[PDB]
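Colleague: Here it is, the structure in full.
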Amino acid sequence: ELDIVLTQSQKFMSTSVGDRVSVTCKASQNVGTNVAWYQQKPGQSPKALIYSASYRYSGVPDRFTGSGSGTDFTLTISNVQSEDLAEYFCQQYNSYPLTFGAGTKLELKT
Amino acid sequence: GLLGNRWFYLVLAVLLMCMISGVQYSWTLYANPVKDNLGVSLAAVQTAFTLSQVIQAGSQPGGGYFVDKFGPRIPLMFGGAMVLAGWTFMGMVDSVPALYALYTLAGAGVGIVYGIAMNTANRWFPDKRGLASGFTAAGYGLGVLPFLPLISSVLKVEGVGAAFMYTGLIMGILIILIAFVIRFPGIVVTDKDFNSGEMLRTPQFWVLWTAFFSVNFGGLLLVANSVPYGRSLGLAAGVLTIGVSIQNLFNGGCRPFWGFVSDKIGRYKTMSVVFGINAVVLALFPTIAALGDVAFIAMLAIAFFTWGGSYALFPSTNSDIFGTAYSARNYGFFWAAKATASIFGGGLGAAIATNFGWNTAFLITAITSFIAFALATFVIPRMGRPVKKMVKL
Amino acid sequence: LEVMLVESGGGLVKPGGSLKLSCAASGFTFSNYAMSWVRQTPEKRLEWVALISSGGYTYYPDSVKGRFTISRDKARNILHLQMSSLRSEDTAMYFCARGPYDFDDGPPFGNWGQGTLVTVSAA
């Protein structure tokens, strides 16, 4: 199809405080390095985490990092904290239409 | 690959250009990390870059003097050592004035090596001066493009000091190793061979100087405003990356083409045609680029193709007009125009755009290109040959 | 200094009708920045709805193109989203976000507002 589709394999991911987690984003088409990562806390609108698939903003903690290119992207949360648990989406802005990921919710293991 | 073949020395000059291109075209990557250790972004790192660009106006003339007198070997060694000692430690300095001093040292070395490569190309190809100058200028334009992602990775992982150190060492060592090899075909002053001071008396020099300065001035704002205008239109990010790559590739590749074109027809006619097309394209750029991604990329390609050719048209013109023997000093005096243009180009493009509109900004760039076109078409051809006044023993 | 985005105009409206969402902006001019409307499905799925650029050029995805119209008021710094021919799929919460700076590289949605809810169903 003409529209690009970003698929996050993990609909649900369970982790513990202090560990390392990685949310993966697989694109149907090559989007280079024009990919962003957003974090949506349950009661608030999404907050921008990663732009250009490798760069975080000022005020974004050093725990979150981004890597990848082409069709494979990864958002790595090292030393996960309690507040880190929220929903993470990947968005490509390489070409129109702009598309979003399915969404990965991070919760503690039951 | 023997010594004495002209193309071997042309390849060596292109290699020197590719080795010194890192100082100018890698600066965007180092600007933010170097700033992070220091104070204000716009002040510290950008003034360091501006000083490194301005110092070339005095660096290249003296290096050209020493090249015309004592050959290119020792001056190229000195320029390579200067690039080494300046660019290597820019990541290990803790004070802003030290950064200024080291960046000026590196920029002066780069200016010297650029002048040396251009003079070697012009001397070894007197019949194809335009083509050799274009190849060397393209090598200076396209030098760092292959290794830009690699140096970005080095900056991301191993740090700023390590990246500066690696790049400075590689550049200095390679330039110095090339310095051992290059040589000139053979001083004999002739009637048409002008001294730098004697050149500074002719009106033709100043007409060409104003044309080159206007071209560089308009080009600074053209590069500064082209891609951000595409972002202001709302084009996709991939389209903007393609546009950046097209800008770089065409600004590089147009130089040997325009050099050959000037060889086939002439310096002044080629300058007039190229600058007129560039002025028209820059005047029509805001309107035509709105038509979409394809129009934006086509306008970028055509505009940069018509803008980049000056760096090949002017060296061959200088060698043809003001003599080959003293040509190295004279082309440094011509390089002073590009050095001077960098004084204002810091935030001038963005200022003009955000203040008076994108259309008026590109109209000003087109007016600069049209000044160059008018000088090339109506002013300079009517003067004829330089007169060589006030000669001294 | 701080960037503020206030969404308003959300409601409970019958399908096939009109609505107008307003986004009050503060701290930046609409000229040198781009603005976008993005809605989130009640199943927490995000769909980019509209994006108006620095110059005023508008982009819509084919799913919601033609029905919706994104515009702006530079004099009062308000981003307007006119909605018409409302469908059952249009039930979502809309947010207005500012895009990249004209001379800067960034994502199309740098800062987000609170968000306003638009529901078009049998209720």
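Every chain in the structure tokens has a letter given in the order shown (A, B, ...), and although residue numbers restart at 1 in each chain, ligands are simply numbered from 1 in the order shown.
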Run DSSP on the backbone and tell me which residues of stretch 6-110 of chain A come out as strand (DSSP E); list them as a ChimeraX atom specification.
Modeller: /A:6-7,12-15,21-27,35-40,47-51,55-56,64-69,72-77,87-92,99-100,104-108
Colleague: How close does each residue of chain B get to chain C, giving the shortest atom pair and distance in Å to one decimal for every residue with an atom at most 7 Å away, counting only C-alpha atoms, sorted by chain and residue number, as a tab-separated table?
Modeller:
residue	atom	partner	partner_atom	distance
B:228	CA	C:103	CA	4.9
B:231	CA	C:102	CA	5.8
B:232	CA	C:54	CA	4.8
B:233	CA	C:55	CA	5.7
B:234	CA	C:53	CA	5.0
Colleague: List the neighbours of residue A:97 out to 10 Å using only C-alpha atoms; skip same-chain residues closer than 2 positions along the sequence, and give me the result as a VMD selection string.
Modeller: (chain A and resid 2 to 5 92 to 95 99 to 100) or (chain B and resid 236) or (chain C and resid 47 to 50 59 to 63)
Colleague: Tell me, in Å to one decimal, how far atom CA of residue B:172 is from atom CA of residue B:103.
Modeller: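 Interatomic distance, atom CA of residue B:172 to atom CA of residue B:103: 14.0 Å.
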Colleague: Could you list, as a VMD selection string, every residue within 7 Å of stretch 13-29 of chain C, counting only C-alpha atoms and ignoring same-chain residues fewer than 2 positions away?
Modeller: chain C and resid 1 to 11 31 to 33 77 to 88 96 119 to 121
Colleague: Using only C-alpha atoms, find the residues of chain B whose closest atom to chain A is at most 8 Å away, then write them as a ChimeraX atom specification.
Modeller: /B:236-239
Colleague: From a DSSP calculation on the backbone, collect every residue of stretch 117-247 of chain B in alpha helix (DSSP H) and output the set as a PyMOL selection string.
Modeller: chain B and resi 117-124+129-141+148-158+160-179+196-199+203-233+237-247
Colleague: Could you check which of B:379, B:283, B:67, B:325 is closest to residue B:190, using only C-alpha atoms?
Modeller: B:325
Colleague: So that I can check the surroundings of residue B:14, please list as a ChimeraX atom specification every protein, DNA and RNA residue that reaches within 12 Å of it, counting only C-alpha atoms and ignoring chain neighbours fewer than 4 positions away.
Modeller: /B:7-10,18-21,113-121,131-143,175,178,182,256
Colleague: So that I can see what lies close to residue A:66, please list as a VMD selection string the residues with an atom at most 12 Å from it, counting only C-alpha atoms and leaving out residues fewer than 5 positions away in the same chain.
Modeller: (chain A and resid 21 to 25 33 to 38 49 to 57 60 72 to 78 90) or (chain B and resid 156)
